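Residue numbers (the numbering used here), protein chains in the order written: chain Z, 31 to 164; chain B, 292 to 335; chain U, 85 to 234; chain F, 17 to 95; chain R, 4 to 132. C-beta atoms are modelled at their ideal positions from N, C-alpha and C, and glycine is treated no differently. Everything below concerns the one structure shown next.
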Amino acid sequence: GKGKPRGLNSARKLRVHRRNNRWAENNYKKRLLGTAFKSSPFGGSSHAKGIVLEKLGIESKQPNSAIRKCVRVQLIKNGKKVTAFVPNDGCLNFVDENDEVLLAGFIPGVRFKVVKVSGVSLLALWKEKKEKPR
Amino acid sequence: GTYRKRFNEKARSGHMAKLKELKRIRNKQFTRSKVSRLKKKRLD
Amino acid sequence: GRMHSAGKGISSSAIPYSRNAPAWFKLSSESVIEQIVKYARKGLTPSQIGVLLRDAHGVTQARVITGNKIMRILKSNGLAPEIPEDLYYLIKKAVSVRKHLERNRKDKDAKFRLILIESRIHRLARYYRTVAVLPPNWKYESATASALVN
Amino acid sequence: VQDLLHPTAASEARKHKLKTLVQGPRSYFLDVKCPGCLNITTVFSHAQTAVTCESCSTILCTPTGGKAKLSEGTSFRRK
Amino acid sequence: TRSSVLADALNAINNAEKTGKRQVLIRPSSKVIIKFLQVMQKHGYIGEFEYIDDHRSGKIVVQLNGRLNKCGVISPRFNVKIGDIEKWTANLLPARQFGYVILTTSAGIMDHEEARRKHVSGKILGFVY
RNA sequence: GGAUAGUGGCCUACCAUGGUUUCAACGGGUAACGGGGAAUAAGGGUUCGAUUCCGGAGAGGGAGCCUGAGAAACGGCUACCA
RNA sequence: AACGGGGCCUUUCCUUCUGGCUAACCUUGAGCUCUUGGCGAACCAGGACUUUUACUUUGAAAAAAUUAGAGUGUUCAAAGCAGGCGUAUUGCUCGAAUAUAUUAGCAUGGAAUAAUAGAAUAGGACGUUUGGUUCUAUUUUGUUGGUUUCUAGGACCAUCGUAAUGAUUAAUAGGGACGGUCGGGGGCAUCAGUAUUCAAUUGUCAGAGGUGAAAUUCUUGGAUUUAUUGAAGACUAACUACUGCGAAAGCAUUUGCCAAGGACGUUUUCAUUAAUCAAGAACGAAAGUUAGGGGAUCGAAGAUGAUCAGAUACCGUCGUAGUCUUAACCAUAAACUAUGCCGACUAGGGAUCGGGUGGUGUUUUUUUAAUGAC
RNA sequence: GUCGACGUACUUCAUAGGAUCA
Ligand SMILES: [Mg+2]
Ligand SMILES: [Mg+2]
Ligand SMILES: [Mg+2]
Ligand SMILES: [Mg+2]
Ligand SMILES: [Mg+2]
Ligand SMILES: [Mg+2]
Ligand SMILES: [Mg+2]
Ligand SMILES: [Mg+2]
Ligand SMILES: [Mg+2]
Ligand SMILES: [Mg+2]
Ligand SMILES: [Mg+2]
Ligand SMILES: [Mg+2]
Ligand SMILES: [Mg+2]
Ligand SMILES: [Mg+2]
Ligand SMILES: [Mg+2]
Ligand SMILES: [Mg+2]
Ligand SMILES: [Mg+2]
Ligand SMILES: [Mg+2]
Ligand SMILES: [Mg+2]
Ligand SMILES: [Zn+2]
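Laid out in structure tokens, this is it:
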């Protein structure tokens, strides 16, 4: 015996035993209880809006440094402050204080990158195909 | 689904009434904000 | 093998292959039956009758000699225990244990053995009720079990 | 090497009663002659009862752990 | 307590084959055991076998020729439809034509190829290969 | 007995004390209309199905009706709630 | 020659009634075929009669669309169910297939596997036995109604006869009984052993105690040590061994009482009564709580001497609760083989514990012997 | 109140072994 019922009329015990045990999985528990988005960086969203507080690396001497591309952003949904990357210092000119920025998942500790500023794509601005509306 | 929060409960008051009645019959066997609750506890 | 224990003993009686009476046995099949009835009238249980016949009369097995089991021979002749023999002895043992417990309330060991004996009565009493040997409303109740064993 | 279908007689004799090819009793019955009345009584080899001669009421055997011990002075034959 | 005597018989045969014994003792006997052994005998996996009567369930002595790779019982005896036989042959046998899956069908106990030829089906008793 | 197109505690009067449940009743949750179907998978399985067809229910929320073969209708009526 | 499917025979046919047709069999006659007249099997239809399922085979059912899939030059294809062939003229013609679909319900062939019921106070089966007490009622009663007769049928009660008259093993499953044992298994009484502490008496006289050295401590009112006693409360050394017993925790002085138990022996008895187990219950080391008793030793807590020296570095003295017990709570352990329970099988060896069998073995019984021990 | 316990979500530390050669 393998420690499980094997009789032909033991379907109920096998079903009930299985149902009780599926709750041991973390994947199952999160999936059913709807808590799988607590771990998500944006709390269930794929993108987040934020307010540019300050450009921390604006003053760093070495051009195009990793620090130069970081911007300190305040998440509008909950007000928590986070750090986000910019593709390059050339794009950092477009970003300035007090604009709405759409963040996306990505110096360790920086997990976000800016994809839109003032409702316009940075890549569109970087390629000189749009103007930032103010 | 029976007693879930509705967008505008006031606009369907009669509906809410039914639910209450149902509860009173269904749960008859048993009967026979964070800040507010914490404030009461600390006051006590 | 033992229920209510860890023992696995196999001591048992081995019935011979041949199902006919021994050649050296030269007593009529009838005459054995009166012997069974006479002992049953004397009060002996079926187990005790078989020991006497086998030990002192050469009756190897009542079924072989007479074609019917001892209990059936007794019932045919109007001799029938009110309750089956084995159930009678289990109740008798439990009554003796209870009489020991009332004087000795700290005898936790006897308290444990009483549960095993009673749980043995209920399993056996449950069997007889199914076959209808025992009336369906028959229960082993602790208080009045002394009456049944008498 | 041995043949299970046709075991040796000594081999079977050594084995336990229930473990032979076809289980059977290792006991037997005896004709015991009372010293007084010279009548014959049938006694089981492993008798559990103090068999008594019916005419003389004399003890013929006494029970023990296994085989019964026959009373001294009682002649016996295997039946 | 003894639940499946056929399981005990098949296990004893497998152990005896493993140890290289030329013959094995099976106790208790049964009609199902005898029919299973007769199927194996027809397919050659075992030799002559002899039933010993002792006024009880009985005994058997089986001659072994060393041609048996494995014999086993499938417990519980699942109800097998004609479509479901091939699944069982795939699951239990190392190859397609290496071995047999024995079924107790309404026409008797038989190997799966005989079942397909006779267009019958039933419960599954075990396998031999 | 009443009522219904009609069976029926559907309701009434009088009677009994019954009925369901560890083979999970009852209560709770459901980001629960159900199915045909969709995806994946070697097979067992797991998940999805408001959404071209079928059936059910609703016409802001409760309640009650006229007409008519057919509606408790709402691109019909009356009251109450918002 | 292998594979499958049907029939018979072999002690093996469902029973009964009615109806329909009629084979074959006997026979006349005319040529294996027709024909006269009997007999009417088989088969079919219906009424009574009737153990119930599980399982599997086959057939219907499971909308269309969707999926798979046959045909077709939508210019190809995704698709769609279209289309194709002649043509001066009137026209001809192939398709719109097929499979799948779980469970439940229905019909059907199997009869392996697994259940279920039957004859035991016979209240049993059968009948061309024989009698009753009942109910029903076709036709003939011209017709209707009522009664009666005969008759038929159903049920019931007796009677007679027929019959192989009716009960599967007894699992190296389980329970029960019996016999002689076995155990540091359990409860209640009882007996003893020194030892520890204390007290009395007793002889002696400077230390005793503890440290790495000291000091708190006791001490000429006699300490420590010595001898004769006495009291109290615990615990059972050596024998003592992973050996024995118990479900586990656990169990060690003698004797008695009470009940319980494994194994062994049995040609005794019952006959599947069994394995595992949510719910529920009994016990559960040590510590611990409630209320009495006891309180020798050791001793959490508390106090106090010294706080110098690293192998002897946490030591000393007093010691509350506890340790013990009675009546109840608590329910935890490395509660360990860090290893579920039941059953089967797969090597040799010699040691040990309990029982049993065998020996013409040693010893004892010192009369034999029989026991006991080897 | 840089409070305790729990639940949840994360971060981090433990990877080299044999043979030849210099
Ligand atoms: Mg196994
Ligand atoms: Mg026994
Ligand atoms: Mg009423
Ligand atoms: Mg859904
Ligand atoms: Mg909904
Ligand atoms: Mg839908
Ligand atoms: Mg509507
Ligand atoms: Mg609206
Ligand atoms: Mg309306
Ligand atoms: Mg509208
Ligand atoms: Mg409308
Ligand atoms: Mg079906
Ligand atoms: Mg037996
Ligand atoms: Mg011992
Ligand atoms: Mg016993
Ligand atoms: Mg308790
Ligand atoms: Mg106290
Ligand atoms: Mg322990
Ligand atoms: Mg085992
Ligand atoms: Zn005599």
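- Going by DSSP, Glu114 of chain U is part of the alpha helix (DSSP H) stretching over 113–126.
- If the five residues before and after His206 of chain U are omitted, its C-beta is found closer than 8 Å to the C-beta atoms of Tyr224, all from its own chain and listed in chain order.
- The continuous stretches of beta strand (DSSP E) do not include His62 of chain F, and DSSP gives it neither H nor E.
- The beta carbons of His88 of chain U and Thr58 of chain F sit about 38 Å from each other, so the pair does not count as a contact at 8 Å.
- Residue-level contact by beta carbon fails for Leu34 of chain F and chain R, as no gap is shorter than 7 Å.
- Checking the 6 Å criterion, the Cβ of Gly109 of chain Z is out of range of every heavy atom belonging to ligand 5.
- The beta carbon of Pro35 of chain Z sits closer than 7 Å to those of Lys43, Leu44, all from its chain and outside the five residues before and after it, given in chain order.
- In the DSSP assignment, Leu106 of chain R forms a beta bridge with R:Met113, R:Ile127.
- Distance from the C-beta of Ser71 of chain F to the nearest heavy atom of ligand 2 is not below 6 Å.
- Here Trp222 of chain U is not near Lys95 of chain F, since their CB atoms are 7 Å or more apart.
- By DSSP's assignment, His77 of chain Z forms a beta bridge with Z:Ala134.
- In this structure, R:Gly125 is the residue among R:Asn94, R:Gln100, R:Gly125 with its C-alpha nearest to the C-alpha of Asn82 of chain R.
- Between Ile133 of chain U and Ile154 of chain U the beta-carbon gap is near 6 Å, inside 8 Å, which marks them as a contact.
- Along the region 119–150 of chain U, the positions whose C-beta sits under 7 Å from a C-beta of chain F are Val135, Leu136, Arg138, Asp139, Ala140, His141, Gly142, read in chain order.
- The straight-line gap separating the alpha-carbon atoms of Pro79 of chain R and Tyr101 of chain U is approximately 35 Å.
- Looking at the DSSP output, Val101 of chain Z sits in a beta bridge with Z:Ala114.
- Near chain F, meaning a CB-to-CB distance below 8 Å, the residues of the region 88–110 of chain U are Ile94, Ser96, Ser97, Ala98, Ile99, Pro100, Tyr101, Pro106, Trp108.
- A straight line joining the alpha-carbon of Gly93 of chain U with that of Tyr211 of chain U spans about 24 Å.
- Looking only at F:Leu54, F:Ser43, F:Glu70, the smallest Cα-Cα distance to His62 of chain F is reached by F:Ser43.
- In chain order, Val59, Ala63, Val67, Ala84, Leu86 place their CB closer than 6 Å to the CB of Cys77 of chain F, counting only its own chain and leaving out the 5 sequence neighbours on each side.
- Going by beta carbons, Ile77 of chain R and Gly111 of chain R fall outside the 7 Å limit.
- Remark: C-beta atoms of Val112 of chain Z and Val82 of chain Z do not approach each other more closely than 7 Å.
- Under DSSP, no beta-bridge partner is assigned to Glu28 of chain F.
- Cβ contact annotation for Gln39 of chain F (same chain, cutoff 8 Å, sequence separation greater than five): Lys33, in chain order.
- Chain F places a beta carbon closer than 7 Å to that of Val64 of chain R, counting this residue as a contact.
- Of the heavy atoms belonging to ligand 2, none sits nearer than 6 Å to the Cβ of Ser226 of chain U.
- Ranking Z:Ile106, Z:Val125, Z:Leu152, Z:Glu158 by CA distance to the CA of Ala78 of chain Z puts Z:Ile106 first.
- Listed in chain order, the positions of the region 60–72 of chain F with a beta carbon within less than 8 Å of a beta carbon of chain U are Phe60, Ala63, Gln64, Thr65, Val67, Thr68.
- With respect to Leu208 of chain U, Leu232 of chain U sits apart: the two C-beta atoms are not nearer than 7 Å.
- Spatial neighbours of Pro93 of chain Z in its own chain (CB-CB distance under 8 Å, excluding positions within 5 residues in sequence) are listed in chain order as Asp119.
- Sorting U:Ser180, U:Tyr123, U:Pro106, U:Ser115 by C-alpha distance to the C-alpha of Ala227 of chain U places U:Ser180 at the top.
- Contact note: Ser78 of chain R reaches chain Z through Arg36, using a C-beta cutoff of 7 Å and chain order.
- The C-beta distance from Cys121 of chain Z to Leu152 of chain Z rounds to 5 Å, short enough to fall under 8 Å.
- Listed by position along chain F, the residues whose Cβ is nearer than 7 Å to that of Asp57 of chain R are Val38, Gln39.
- Per DSSP, the continuous beta strand (DSSP E) segment holding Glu53 of chain R begins and ends at 52–55.
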